Every structure is written in structure tokens, then in C-alpha cells.
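Since the structure comes first, as C-alpha cells, the remarks are kept for the end.
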Amino acid sequence: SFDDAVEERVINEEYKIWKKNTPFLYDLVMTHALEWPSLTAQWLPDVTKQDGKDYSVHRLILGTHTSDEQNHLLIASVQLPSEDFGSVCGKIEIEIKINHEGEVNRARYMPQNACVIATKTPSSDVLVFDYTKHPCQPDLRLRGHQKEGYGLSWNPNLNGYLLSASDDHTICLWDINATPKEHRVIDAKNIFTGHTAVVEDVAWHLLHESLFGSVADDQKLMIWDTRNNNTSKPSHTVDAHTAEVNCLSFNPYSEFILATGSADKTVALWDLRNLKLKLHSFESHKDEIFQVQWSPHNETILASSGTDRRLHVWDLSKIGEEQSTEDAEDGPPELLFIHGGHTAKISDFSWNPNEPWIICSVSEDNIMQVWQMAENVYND
Amino acid sequence: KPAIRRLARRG
């Protein structure tokens, strides 16, 4: 296809430019190439150090994608710089591994116990593993629904309470510490219907154990309160976007601020104190936005990625301040950085919780990048 | 060199 070739040519040509600019825009850039593409990515909490070594070791929960051969749940170790056969190892290796029935849409560990890893299967089953019970048959199977799904979310204030979004217009909620299991299976403590179409994502409120937000193709954002009796009455419903909403994420330093990403090429800034008013809209992306993560370190900056192969980093503070037309190009003032090291759609990304500004993004070309934008791009 | 911020803006 002509349009394909043209695209490809632009992709490759810009990527050359990128590489050449690398030393100016970044302080760290690693580009590993997994055996199989990953659809998920999340940094584990822990960090491992050794006296003497000029690096610390961090880890990522990755996944494999092959509708052909065997799939796996992966744990990758990564060597990151410090303040400053039998041969030394590559900076990136795969420590743990676990055969997985079908690609891994998402893989997220449980806050209260990082050994517990929840999984989203291309099936209808939501799997749970303990990467210790496997030094593969999952330690838990979660009934709940019929269609496949990506949305997945552990409750920080309620050990075990996990939520999942699905293509069957519903949201399940199981307690992993579920009384009994009747054959490694937990049915579903609740199922939230109230949603016109496919639910794209789900997210527990960070501080209020009985709250969470859903987002779906029915272009709406719904806030829920498990304490309610009707599993159809969402505490609130917001006409968040024009197109389908693919994701939502709560700000780590707030109890009211939210953020959603839609196919409408937009990221909406929401405040629970008044879901009637959309605080602001981040524009610049040129395609669907499936990911939106806040920096675990700075309350004012968040990131977004999608089909345009670009990862955008925005700084709320700069929302407003006037800018010169010849500068007001490239994008709005809230736009702080654009990462264009990826050559395909970015399937997922994660902020390193321990090393401010280190981020890990995964692409469909099975490429994995661990980068960190130049300090002068955000300092001074 | 605040053109790095500008450079970062392009993409």
C-alpha cells in the first residue's frame, strides 16, 4: 500500500533525526528488543543495590504477544546508573518467567503484596499468579464475564479488591482473598453494568476504598461507590469526550484530580469536586490515546501515549502562560516533552517510582525503551 | 540553549 510505504518512509527518516538528537534531549536511553512484543509494562516497587557497583537494579512486569507460540508473564531486571561466558551481563535480562495462556493484555502487581500479579487474558478469565509459587496453571481464575479486556486495577486500601474492565460492557470486582475457591476459581463479588458500550478502563480512587472510575467507548466517565446498592447507578456520569475514552488515572498527590485519555486525541483534566466543569484539555496527539500516567514524583506533570507512536509529557503548571507564535507551534505550553523513539504504536508505559523521570515504554515492534529526558528540559 | 526545551517540543 502506497499510504503504508509513505508512512514507513516518514517513520524511518524521523527516527534518524531522533537518534542524532538523542544526546541533547535525554540523560538516559536504552533500547532493548524483546523476543516477543509486550502489551503491558509496570515497574515493581523494589530496587536492588550492591556496594561498589555503579548501578542499581530495578525490575519490570512484561508480557509476550503471540497468537502463535507460547506466551509468558515476564519479570525483567534493569540496570540503572547511580550517582555517577562469565562476562558481565547485559543491562537488561529476564529473571522470572511464567507460561501464560494467551497474550498478556495487562499485568499489574498487587500494592499490598508485590508477589501477587493480576493478569488480563484474551479470554474472559482474569488470572492471578504469585511469582514464588512458580520458582503453568494460574493460582486463581476469576469468572465474572464473557468478553476479553484490558482494564485492570488493584485497590490500595483494600488488600485483594481488584477491578476489571471488559468488552462485555461490564466491570467485575472480586476479593482475591476470596473465601474458598471452588477449583482455583473466584466468581465475582459484584458486576457493574451501567455502561452503554465496551469498558476501556477501570481505576480505584487512591484514598477512598469504596470509590472508582470507569471509562468506555460510550464516551463517558463514571464514578462509582461500591457502598451503593444498585450495580447500575454510577455515583456520577460525565460526558468526558467526543470519541471513546480509553483510560483514566488518579493524581497521586490529589484526592480530587483525575485525567482521562480518549480516541478524540485528547486528555481531559477532571476534578471530582465538580465533574460538571472540565478543568482543561491537553492537545497535540495525532491519534488515539490509550495511556495516561501521572509522574509518581511531581504532582504537576503527567504523560500520555497512543497510536501516534508518541509519548507526551505535560506539565500542568505551564497551563496558561502566554507563548510566542513562532514558539506556540510544536504544541501548547502544557507540552513539556515529546518522546519519539518508538517506531510503532506504544502498547503501554510506566514511570519508574524510584528514579524521577525514568520511564519505560513498550511498542508493538517488540522494542522496549527505558529513557529519561535531559535534566535541562525540566530543570532551571 | 533553552532551545533544548524547544527541541524537546518538536516531534
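Chain labels A, B, ... are given in the sequence in which chains occur in the C-alpha cells; within each chain residues are numbered consecutively from 1, and ligands are likewise numbered from 1 in the order shown.
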
> Could you write out as JSON, numbers by chain the residues of chain B within 7 Å of chain A, counting only C-alpha atoms?
Replying inline: {"B": [4, 5, 8, 9, 10, 11]}

Applying 8 Å and only C-alpha atoms, which residues near region 109-116 of chain A remain after dropping the ones on its own chain fewer than 3 positions away? List them as a PDB file with N, CA and C atoms, in the first residue's frame.
ATOM      1  N   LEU A  44       8.214  -2.663  39.213  1.00  0.00           N
ATOM      2  CA  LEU A  44       7.929  -3.195  40.534  1.00  0.00           C
ATOM      3  C   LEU A  44       8.413  -2.113  41.492  1.00  0.00           C
ATOM      4  N   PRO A  45       8.027  -2.191  42.762  1.00  0.00           N
ATOM      5  CA  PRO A  45       8.425  -1.190  43.767  1.00  0.00           C
ATOM      6  C   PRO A  45       9.883  -1.191  44.223  1.00  0.00           C
ATOM      7  N   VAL A 128      -4.585 -14.738  38.234  1.00  0.00           N
ATOM      8  CA  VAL A 128      -3.765 -14.246  39.327  1.00  0.00           C
ATOM      9  C   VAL A 128      -2.614 -15.223  39.529  1.00  0.00           C
ATOM     10  N   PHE A 129      -1.409 -14.695  39.739  1.00  0.00           N
ATOM     11  CA  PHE A 129      -0.232 -15.524  39.963  1.00  0.00           C
ATOM     12  C   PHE A 129       0.542 -14.974  41.147  1.00  0.00           C
ATOM     13  N   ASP A 130       1.408 -15.819  41.688  1.00  0.00           N
ATOM     14  CA  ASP A 130       2.275 -15.479  42.802  1.00  0.00           C
ATOM     15  C   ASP A 130       3.629 -15.904  42.237  1.00  0.00           C
ATOM     16  N   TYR A 131       4.470 -14.949  41.840  1.00  0.00           N
ATOM     17  CA  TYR A 131       5.751 -15.332  41.252  1.00  0.00           C
ATOM     18  C   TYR A 131       6.739 -15.865  42.276  1.00  0.00           C
ATOM     19  N   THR A 132       6.255 -16.844  43.029  1.00  0.00           N
ATOM     20  CA  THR A 132       7.007 -17.526  44.068  1.00  0.00           C
ATOM     21  C   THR A 132       6.464 -18.939  44.075  1.00  0.00           C
ATOM     22  N   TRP A 154      -5.982  -2.738  41.073  1.00  0.00           N
ATOM     23  CA  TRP A 154      -5.987  -3.184  42.464  1.00  0.00           C
ATOM     24  C   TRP A 154      -6.331  -2.025  43.386  1.00  0.00           C
ATOM     25  N   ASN A 155      -7.069  -2.324  44.450  1.00  0.00           N
ATOM     26  CA  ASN A 155      -7.454  -1.312  45.421  1.00  0.00           C
ATOM     27  C   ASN A 155      -6.315  -1.230  46.428  1.00  0.00           C
ATOM     28  N   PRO A 156      -5.766  -0.031  46.624  1.00  0.00           N
ATOM     29  CA  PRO A 156      -4.662   0.242  47.542  1.00  0.00           C
ATOM     30  C   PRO A 156      -5.037   0.129  49.003  1.00  0.00           C
ATOM     31  N   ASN A 159      -6.755  -4.754  50.508  1.00  0.00           N
ATOM     32  CA  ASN A 159      -5.988  -5.894  50.058  1.00  0.00           C
ATOM     33  C   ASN A 159      -6.871  -6.918  49.348  1.00  0.00           C
ATOM     34  N   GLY A 160      -6.559  -7.235  48.098  1.00  0.00           N
ATOM     35  CA  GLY A 160      -7.361  -8.220  47.395  1.00  0.00           C
ATOM     36  C   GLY A 160      -8.426  -7.677  46.457  1.00  0.00           C
TER      37      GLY A 160
END

I'd like the contact shell of residue 203 (chain A) - 12 Å cut-off, only C-alpha atoms, skipping same-chain residues fewer than 6 positions apart - returned as a JSON list (two decimals) with N, CA, C and O atoms, in the first residue's frame.
[["chain", "number", "residue", "atom", "x", "y", "z"],
["A", 150, "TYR", "N", -8.87, -5.28, 28.99],
["A", 150, "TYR", "CA", -7.58, -4.72, 29.36],
["A", 150, "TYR", "C", -7.64, -4.04, 30.72],
["A", 150, "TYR", "O", -6.80, -4.28, 31.57],
["A", 151, "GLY", "N", -8.66, -3.21, 30.93],
["A", 151, "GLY", "CA", -8.79, -2.54, 32.22],
["A", 151, "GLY", "C", -8.55, -3.46, 33.40],
["A", 151, "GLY", "O", -9.15, -4.53, 33.49],
["A", 152, "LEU", "N", -7.70, -3.04, 34.33],
["A", 152, "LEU", "CA", -7.36, -3.84, 35.49],
["A", 152, "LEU", "C", -6.93, -2.88, 36.59],
["A", 152, "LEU", "O", -6.21, -1.92, 36.31],
["A", 153, "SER", "N", -7.34, -3.12, 37.84],
["A", 153, "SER", "CA", -6.97, -2.19, 38.91],
["A", 153, "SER", "C", -7.10, -2.70, 40.35],
["A", 153, "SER", "O", -8.20, -3.04, 40.79],
["A", 154, "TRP", "N", -5.98, -2.74, 41.07],
["A", 154, "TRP", "CA", -5.99, -3.18, 42.46],
["A", 154, "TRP", "C", -6.33, -2.02, 43.39],
["A", 154, "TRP", "O", -5.94, -0.88, 43.14],
["A", 155, "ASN", "N", -7.07, -2.32, 44.45],
["A", 155, "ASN", "CA", -7.45, -1.31, 45.42],
["A", 155, "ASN", "C", -6.32, -1.23, 46.43],
["A", 155, "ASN", "O", -5.92, -2.23, 47.01],
["A", 156, "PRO", "N", -5.77, -0.03, 46.62],
["A", 156, "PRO", "CA", -4.66, 0.24, 47.54],
["A", 156, "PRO", "C", -5.04, 0.13, 49.00],
["A", 156, "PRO", "O", -4.21, -0.21, 49.83],
["A", 161, "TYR", "N", -9.03, -6.54, 46.80],
["A", 161, "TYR", "CA", -10.06, -5.97, 45.94],
["A", 161, "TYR", "C", -9.51, -5.51, 44.60],
["A", 161, "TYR", "O", -8.84, -4.48, 44.51],
["A", 162, "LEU", "N", -9.81, -6.26, 43.55],
["A", 162, "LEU", "CA", -9.36, -5.96, 42.20],
["A", 162, "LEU", "C", -10.55, -5.68, 41.28],
["A", 162, "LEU", "O", -11.60, -6.29, 41.44],
["A", 163, "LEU", "N", -10.38, -4.77, 40.31],
["A", 163, "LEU", "CA", -11.45, -4.43, 39.36],
["A", 163, "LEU", "C", -10.99, -4.70, 37.95],
["A", 163, "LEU", "O", -9.81, -4.57, 37.67],
["A", 164, "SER", "N", -11.90, -5.06, 37.05],
["A", 164, "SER", "CA", -11.52, -5.31, 35.65],
["A", 164, "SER", "C", -12.53, -4.76, 34.66],
["A", 164, "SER", "O", -13.74, -4.84, 34.89],
["A", 165, "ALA", "N", -12.04, -4.20, 33.56],
["A", 165, "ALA", "CA", -12.88, -3.64, 32.50],
["A", 165, "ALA", "C", -12.99, -4.70, 31.42],
["A", 165, "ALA", "O", -12.07, -5.49, 31.26],
["A", 171, "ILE", "N", -18.02, -4.36, 34.42],
["A", 171, "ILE", "CA", -16.88, -4.20, 35.31],
["A", 171, "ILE", "C", -17.05, -5.18, 36.46],
["A", 171, "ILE", "O", -18.04, -5.13, 37.18],
["A", 172, "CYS", "N", -16.08, -6.08, 36.63],
["A", 172, "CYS", "CA", -16.14, -7.05, 37.72],
["A", 172, "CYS", "C", -15.34, -6.60, 38.93],
["A", 172, "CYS", "O", -14.46, -5.75, 38.83],
["A", 173, "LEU", "N", -15.64, -7.20, 40.07],
["A", 173, "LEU", "CA", -14.96, -6.88, 41.31],
["A", 173, "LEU", "C", -14.89, -8.13, 42.18],
["A", 173, "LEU", "O", -15.91, -8.59, 42.69],
["A", 209, "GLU", "N", -11.32, 3.89, 49.75],
["A", 209, "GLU", "CA", -11.50, 2.46, 49.48],
["A", 209, "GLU", "C", -12.75, 2.00, 48.74],
["A", 209, "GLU", "O", -12.75, 0.92, 48.14],
["A", 210, "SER", "N", -13.81, 2.80, 48.77],
["A", 210, "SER", "CA", -15.05, 2.41, 48.10],
["A", 210, "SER", "C", -15.41, 3.25, 46.88],
["A", 210, "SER", "O", -16.58, 3.41, 46.57],
["A", 211, "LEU", "N", -14.40, 3.77, 46.19],
["A", 211, "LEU", "CA", -14.64, 4.58, 45.00],
["A", 211, "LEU", "C", -13.77, 4.16, 43.84],
["A", 211, "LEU", "O", -12.66, 3.69, 44.02],
["A", 212, "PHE", "N", -14.28, 4.35, 42.63],
["A", 212, "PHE", "CA", -13.51, 4.02, 41.45],
["A", 212, "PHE", "C", -14.15, 4.62, 40.20],
["A", 212, "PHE", "O", -15.33, 4.94, 40.17],
["A", 213, "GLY", "N", -13.34, 4.79, 39.16],
["A", 213, "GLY", "CA", -13.86, 5.36, 37.94],
["A", 213, "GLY", "C", -13.74, 4.38, 36.79],
["A", 213, "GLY", "O", -12.80, 3.60, 36.72],
["A", 214, "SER", "N", -14.72, 4.43, 35.91],
["A", 214, "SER", "CA", -14.73, 3.58, 34.73],
["A", 214, "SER", "C", -14.70, 4.54, 33.56],
["A", 214, "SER", "O", -14.96, 5.73, 33.70],
["A", 215, "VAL", "N", -14.37, 4.01, 32.39],
["A", 215, "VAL", "CA", -14.29, 4.82, 31.20],
["A", 215, "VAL", "C", -14.55, 3.85, 30.05],
["A", 215, "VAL", "O", -14.02, 2.74, 30.04],
["A", 221, "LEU", "N", -17.40, 8.93, 31.39],
["A", 221, "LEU", "CA", -16.57, 8.67, 32.56],
["A", 221, "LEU", "C", -17.55, 8.48, 33.70],
["A", 221, "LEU", "O", -18.38, 9.35, 33.95],
["A", 222, "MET", "N", -17.48, 7.35, 34.39],
["A", 222, "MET", "CA", -18.39, 7.11, 35.51],
["A", 222, "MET", "C", -17.65, 6.92, 36.82],
["A", 222, "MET", "O", -16.66, 6.21, 36.89],
["A", 223, "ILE", "N", -18.14, 7.57, 37.87],
["A", 223, "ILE", "CA", -17.54, 7.43, 39.17],
["A", 223, "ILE", "C", -18.45, 6.45, 39.89],
["A", 223, "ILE", "O", -19.67, 6.54, 39.74],
["A", 224, "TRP", "N", -17.89, 5.51, 40.64],
["A", 224, "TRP", "CA", -18.72, 4.54, 41.34],
["A", 224, "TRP", "C", -18.42, 4.50, 42.82],
["A", 224, "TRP", "O", -17.34, 4.91, 43.26],
["A", 246, "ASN", "N", -10.41, 5.73, 26.37],
["A", 246, "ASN", "CA", -9.61, 4.52, 26.58],
["A", 246, "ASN", "C", -8.98, 4.38, 27.95],
["A", 246, "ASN", "O", -8.60, 3.27, 28.33],
["A", 247, "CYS", "N", -8.86, 5.47, 28.70],
["A", 247, "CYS", "CA", -8.21, 5.39, 30.01],
["A", 247, "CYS", "C", -8.43, 6.55, 30.98],
["A", 247, "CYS", "O", -8.74, 7.67, 30.58],
["A", 248, "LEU", "N", -8.24, 6.26, 32.26],
["A", 248, "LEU", "CA", -8.36, 7.26, 33.32],
["A", 248, "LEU", "C", -7.31, 6.94, 34.38],
["A", 248, "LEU", "O", -6.93, 5.78, 34.56],
["A", 249, "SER", "N", -6.80, 7.97, 35.07],
["A", 249, "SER", "CA", -5.77, 7.78, 36.09],
["A", 249, "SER", "C", -5.84, 8.87, 37.16],
["A", 249, "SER", "O", -5.88, 10.06, 36.84],
["A", 250, "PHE", "N", -5.86, 8.47, 38.44],
["A", 250, "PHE", "CA", -5.95, 9.44, 39.53],
["A", 250, "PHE", "C", -4.60, 10.02, 39.91],
["A", 250, "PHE", "O", -3.63, 9.29, 40.01],
["A", 251, "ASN", "N", -4.56, 11.32, 40.14],
["A", 251, "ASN", "CA", -3.33, 12.00, 40.52],
["A", 251, "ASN", "C", -2.88, 11.59, 41.93],
["A", 251, "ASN", "O", -3.60, 11.78, 42.90],
["A", 258, "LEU", "N", -8.31, 14.15, 38.44],
["A", 258, "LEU", "CA", -8.36, 13.00, 37.56],
["A", 258, "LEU", "C", -7.80, 13.34, 36.19],
["A", 258, "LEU", "O", -7.51, 14.49, 35.90],
["A", 259, "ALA", "N", -7.69, 12.33, 35.34],
["A", 259, "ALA", "CA", -7.21, 12.54, 33.98],
["A", 259, "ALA", "C", -7.66, 11.38, 33.09],
["A", 259, "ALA", "O", -7.48, 10.21, 33.45],
["A", 260, "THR", "N", -8.26, 11.71, 31.94],
["A", 260, "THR", "CA", -8.72, 10.69, 31.00],
["A", 260, "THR", "C", -8.16, 10.89, 29.61],
["A", 260, "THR", "O", -7.91, 12.03, 29.18],
["A", 292, "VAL", "N", -2.39, 7.05, 30.09],
["A", 292, "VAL", "CA", -2.21, 8.32, 30.77],
["A", 292, "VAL", "C", -1.74, 7.98, 32.18],
["A", 292, "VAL", "O", -2.49, 7.37, 32.95],
["A", 293, "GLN", "N", -0.51, 8.35, 32.50],
["A", 293, "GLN", "CA", 0.07, 8.08, 33.81],
["A", 293, "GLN", "C", 0.62, 9.35, 34.42],
["A", 293, "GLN", "O", 1.27, 10.12, 33.72]]

Which polymer residues have any atom within 10 Å of an atom of residue 29 (chain A), counting only C-alpha atoms, with same-chain residues fewer than 4 positions away left out, as a compact mmCIF listing (two decimals) with N, CA and C atoms, in the first residue's frame?
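Writing done, so here's part11.txt:
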# COMPACT_ATOMS: atom_id res chain seq x y z
N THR A 22 19.25 12.57 20.21
CA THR A 22 19.31 11.86 21.47
C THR A 22 20.18 12.48 22.56
N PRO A 23 21.48 12.65 22.29
CA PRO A 23 22.39 13.24 23.27
C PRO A 23 21.98 14.60 23.81
N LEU A 25 18.44 15.64 24.04
CA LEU A 25 17.15 15.50 24.69
C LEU A 25 17.08 14.55 25.86
N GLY A 341 11.06 8.07 20.22
CA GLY A 341 12.00 7.00 19.98
C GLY A 341 11.33 5.73 19.52
N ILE A 358 12.69 8.61 35.01
CA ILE A 358 12.99 7.44 34.19
C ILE A 358 11.60 6.88 33.86
N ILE A 359 11.41 6.51 32.59
CA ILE A 359 10.15 5.97 32.10
C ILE A 359 10.46 4.77 31.22
N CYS A 360 9.55 3.81 31.17
CA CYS A 360 9.74 2.65 30.32
C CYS A 360 8.52 2.46 29.41
N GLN A 369 11.98 0.54 25.53
CA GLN A 369 12.88 1.65 25.78
C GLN A 369 12.79 2.17 27.20
N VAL A 370 13.94 2.34 27.83
CA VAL A 370 14.00 2.87 29.18
C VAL A 370 14.74 4.18 29.00
N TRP A 371 14.02 5.29 29.11
CA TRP A 371 14.67 6.57 28.90
C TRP A 371 14.39 7.53 30.02
N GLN A 372 15.03 8.69 29.92
CA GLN A 372 14.89 9.75 30.89
C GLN A 372 15.27 11.02 30.17
N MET A 373 14.34 11.96 30.07
CA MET A 373 14.62 13.21 29.37
C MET A 373 15.67 14.05 30.07

> Using only C-alpha atoms, which of the listed residues (A:31, A:298, A:196, A:254) sits closest to residue 273 (chain A)?
Replying inline: A:254

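Close contacts of residue 276 (chain A), defined as residues with an atom at most 12 Å away when counting only C-alpha atoms, with chain neighbours fewer than 3 positions off set aside, comprise residues 221, 236, 237, 238, 239, 240, 269, 270, 271, 272, 273 and 279 of chain A.
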
Atoms kept (N, CA and C atoms) for selection, written as a short mmCIF file (atom, residue, chain, number, x, y, z; two decimals), in the first residue's frame:
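Written file, part32.cif:
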data_model
loop_
_atom_site.label_atom_id
_atom_site.label_comp_id
_atom_site.auth_asym_id
_atom_site.auth_seq_id
_atom_site.Cartn_x
_atom_site.Cartn_y
_atom_site.Cartn_z
N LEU A 221 -17.40 8.93 31.39
CA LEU A 221 -16.57 8.67 32.56
C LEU A 221 -17.55 8.48 33.70
N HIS A 236 -21.84 8.95 39.57
CA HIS A 236 -21.81 10.07 38.64
C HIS A 236 -21.52 9.57 37.23
N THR A 237 -21.91 10.36 36.24
CA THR A 237 -21.65 10.05 34.85
C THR A 237 -21.21 11.36 34.21
N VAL A 238 -20.12 11.32 33.46
CA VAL A 238 -19.58 12.52 32.83
C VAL A 238 -19.43 12.33 31.32
N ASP A 239 -19.82 13.34 30.55
CA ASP A 239 -19.68 13.27 29.10
C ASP A 239 -18.28 13.77 28.82
N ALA A 240 -17.32 12.98 29.28
CA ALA A 240 -15.90 13.27 29.18
C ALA A 240 -15.33 13.62 27.81
N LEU A 269 -8.58 16.88 31.94
CA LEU A 269 -8.22 17.06 33.34
C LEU A 269 -9.53 17.23 34.12
N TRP A 270 -9.81 16.31 35.03
CA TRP A 270 -11.04 16.35 35.82
C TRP A 270 -10.85 16.58 37.32
N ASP A 271 -11.85 17.19 37.95
CA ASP A 271 -11.80 17.41 39.39
C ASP A 271 -13.11 16.91 39.96
N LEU A 272 -13.02 15.93 40.86
CA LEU A 272 -14.19 15.34 41.48
C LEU A 272 -15.07 16.33 42.19
N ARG A 273 -14.47 17.40 42.70
CA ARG A 273 -15.23 18.41 43.41
C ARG A 273 -16.27 19.10 42.53
N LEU A 279 -11.71 20.97 33.82
CA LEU A 279 -10.59 21.85 34.08
C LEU A 279 -9.71 22.23 32.89
#

> How would you write, as an MDAnalysis selection string, the set of residues in chain B that DSSP gives as alpha helix (DSSP H)?
Replying inline: chainID B and resid 3:9

So that I have them on file, write out the residues from the current selection with N, CA, C and O atoms, as a CSV table (one decimal), in the first residue's frame.
chain,number,residue,atom,x,y,z
B,3,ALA,N,16.7,26.2,23.9
B,3,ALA,CA,16.3,25.7,22.6
B,3,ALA,C,16.2,24.2,22.7
B,3,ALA,O,15.8,23.5,21.8
B,4,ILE,N,16.6,23.7,23.8
B,4,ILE,CA,16.6,22.2,24.1
B,4,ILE,C,15.1,22.0,24.4
B,4,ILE,O,14.5,21.0,24.0
B,5,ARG,N,14.6,22.9,25.2
B,5,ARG,CA,13.2,22.8,25.6
B,5,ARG,C,12.3,22.9,24.3
B,5,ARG,O,11.3,22.2,24.2
B,6,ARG,N,12.8,23.7,23.4
B,6,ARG,CA,12.1,23.9,22.1
B,6,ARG,C,12.3,22.6,21.3
B,6,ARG,O,11.4,22.1,20.6
B,7,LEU,N,13.5,22.1,21.3
B,7,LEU,CA,13.9,20.9,20.5
B,7,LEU,C,13.0,19.7,21.0
B,7,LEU,O,12.5,18.9,20.2
B,8,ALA,N,12.8,19.7,22.3
B,8,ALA,CA,12.0,18.6,23.0
B,8,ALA,C,10.6,18.8,22.6
B,8,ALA,O,9.8,17.8,22.6
B,9,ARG,N,10.2,20.0,22.3
B,9,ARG,CA,8.8,20.3,21.9
B,9,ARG,C,8.5,19.7,20.5
B,9,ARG,O,7.3,19.4,20.2

Determine, counting only C-alpha atoms, which protein, DNA and RNA residues have an atom within 8 Å of an atom of residue 40 (chain A); residues of the same chain fewer than 3 positions away are not included. Present the result as a PDB file with N, CA, C and O atoms, in the first residue's frame.
ATOM      1  N   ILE A  61       7.368  -5.678  34.997  1.00  0.00           N
ATOM      2  CA  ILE A  61       6.469  -6.796  34.734  1.00  0.00           C
ATOM      3  C   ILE A  61       6.095  -6.673  33.248  1.00  0.00           C
ATOM      4  O   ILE A  61       5.317  -5.785  32.867  1.00  0.00           O
ATOM      5  N   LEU A  62       6.654  -7.549  32.416  1.00  0.00           N
ATOM      6  CA  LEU A  62       6.380  -7.521  30.985  1.00  0.00           C
ATOM      7  C   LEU A  62       5.523  -8.697  30.550  1.00  0.00           C
ATOM      8  O   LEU A  62       5.171  -9.550  31.361  1.00  0.00           O
ATOM      9  N   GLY A  63       5.174  -8.731  29.268  1.00  0.00           N
ATOM     10  CA  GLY A  63       4.359  -9.814  28.749  1.00  0.00           C
ATOM     11  C   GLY A  63       4.722 -10.160  27.317  1.00  0.00           C
ATOM     12  O   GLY A  63       5.413  -9.397  26.637  1.00  0.00           O
ATOM     13  N   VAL A 104      -0.725 -11.332  26.934  1.00  0.00           N
ATOM     14  CA  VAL A 104      -0.975 -10.667  28.200  1.00  0.00           C
ATOM     15  C   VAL A 104      -1.380  -9.245  27.868  1.00  0.00           C
ATOM     16  O   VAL A 104      -0.549  -8.446  27.441  1.00  0.00           O
ATOM     17  N   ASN A 105      -2.657  -8.929  28.036  1.00  0.00           N
ATOM     18  CA  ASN A 105      -3.115  -7.579  27.744  1.00  0.00           C
ATOM     19  C   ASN A 105      -2.548  -6.624  28.800  1.00  0.00           C
ATOM     20  O   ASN A 105      -2.019  -5.555  28.471  1.00  0.00           O
ATOM     21  N   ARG A 106      -2.681  -7.012  30.067  1.00  0.00           N
ATOM     22  CA  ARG A 106      -2.152  -6.241  31.192  1.00  0.00           C
ATOM     23  C   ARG A 106      -1.612  -7.211  32.210  1.00  0.00           C
ATOM     24  O   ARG A 106      -1.983  -8.389  32.241  1.00  0.00           O
ATOM     25  N   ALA A 107      -0.748  -6.678  33.058  1.00  0.00           N
ATOM     26  CA  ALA A 107      -0.130  -7.416  34.133  1.00  0.00           C
ATOM     27  C   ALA A 107       0.108  -6.330  35.153  1.00  0.00           C
ATOM     28  O   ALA A 107       0.829  -5.367  34.886  1.00  0.00           O
ATOM     29  N   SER A 347       2.253   0.300  23.093  1.00  0.00           N
ATOM     30  CA  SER A 347       1.275  -0.525  23.791  1.00  0.00           C
ATOM     31  C   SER A 347       1.120  -0.202  25.272  1.00  0.00           C
ATOM     32  O   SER A 347       0.115  -0.566  25.860  1.00  0.00           O
ATOM     33  N   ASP A 348       2.093   0.470  25.884  1.00  0.00           N
ATOM     34  CA  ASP A 348       1.996   0.765  27.318  1.00  0.00           C
ATOM     35  C   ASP A 348       3.277   1.431  27.819  1.00  0.00           C
ATOM     36  O   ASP A 348       4.319   1.324  27.174  1.00  0.00           O
ATOM     37  N   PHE A 349       3.206   2.119  28.956  1.00  0.00           N
ATOM     38  CA  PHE A 349       4.397   2.758  29.525  1.00  0.00           C
ATOM     39  C   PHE A 349       4.254   2.920  31.039  1.00  0.00           C
ATOM     40  O   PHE A 349       3.140   2.886  31.562  1.00  0.00           O
ATOM     41  N   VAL A 362       6.743   0.475  25.963  1.00  0.00           N
ATOM     42  CA  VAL A 362       6.826  -0.711  25.131  1.00  0.00           C
ATOM     43  C   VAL A 362       6.047  -0.502  23.838  1.00  0.00           C
ATOM     44  O   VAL A 362       4.986   0.125  23.838  1.00  0.00           O
TER      45      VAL A 362
END

> Please, what distance in Å, to one decimal, runs between CA of residue 101 (chain A) and CA of residue 263 (chain A)?
Replying inline: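 Computing it gives 29.3 Å between the two atoms.
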
> So what do you get for CA of residue 301 (chain A) versus CA of residue 1 (chain B), distance-wise?
Replying inline: 22.4 Å

>> To one decimal place in Å, what is the distance between CA of residue 99 (chain A) and CA of residue 70 (chain A)?
In response: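 Answer for the CA of residue 99 (chain A) to CA of residue 70 (chain A) separation: 6.7 Å.
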
> Would you give me, as a ChimeraX atom specification, the residues in region 274-341 of chain A that DSSP reads as strand (DSSP E or B)?
Replying inline: /A:280-283,289-294,301-306,311-315,335-339
